[PDB]
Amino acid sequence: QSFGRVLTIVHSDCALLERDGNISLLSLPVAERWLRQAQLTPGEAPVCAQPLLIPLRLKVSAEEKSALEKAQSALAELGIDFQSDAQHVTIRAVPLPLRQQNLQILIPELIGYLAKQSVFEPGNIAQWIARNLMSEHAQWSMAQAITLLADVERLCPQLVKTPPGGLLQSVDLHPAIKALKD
């Protein structure tokens, strides 16, 4: 299905939508998040490690290093590969959705998150990366909102069928209609 037709951008990051006479307000940041999670999750989209131009070498504490080692397998399932020596880790590849992020901030952030876990699972790591570590977004445009919803419709069919309250809300016309008649 579909969220409908994008009508206009509301308050820099929402999209006013129309579907069968119904008007809705959708949060683009929330939609972007669901999209990224699906694109990063093995089993919901193609996952292929992408080589870094220049590998990112980082110093890590022993507890971080140890966390990285236990997570190696989960990370590789996400397309995140690295090698490491005594005091460092060097990121050699990341999945496509991450290739254009600022990895000098994202990876150290991922490392901090990983150093706090007891269990490592690609699914939960993808979700975390999708919600917290990714590129913030400035003013949204129509072209961007249109593209986003289309991608979300394609990869997250379920969101369409049952959109949470933080994703899309009903814009009630009854008051205006009544006010026009009355």
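All residue numbers refer to positions in the sequence shown, first residue = 1.
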| query | finding |
| --- | --- |
| 29 to 37 set against 131 to 139, stretch whose average Cα temperature factor tops the other in the entry | 131 to 139 |
| Average Cα temperature factor in the PDB entry - higher stretch of 100 to 108, 80 to 88 | 80 to 88 |
| Cα B factor band for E69 (lowest, middle or highest third within the chain) | lowest |
| Ranked against its chain, the third holding the CA B-factor of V160 | highest |
| Lowest, middle or highest third - CA B-factor, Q50 | middle |
| Within-chain third of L173 by Cα B-factor, per the entry | highest |
| Chain third (lowest, middle, highest) by recorded CA B-factor, residue given as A145 | lowest |
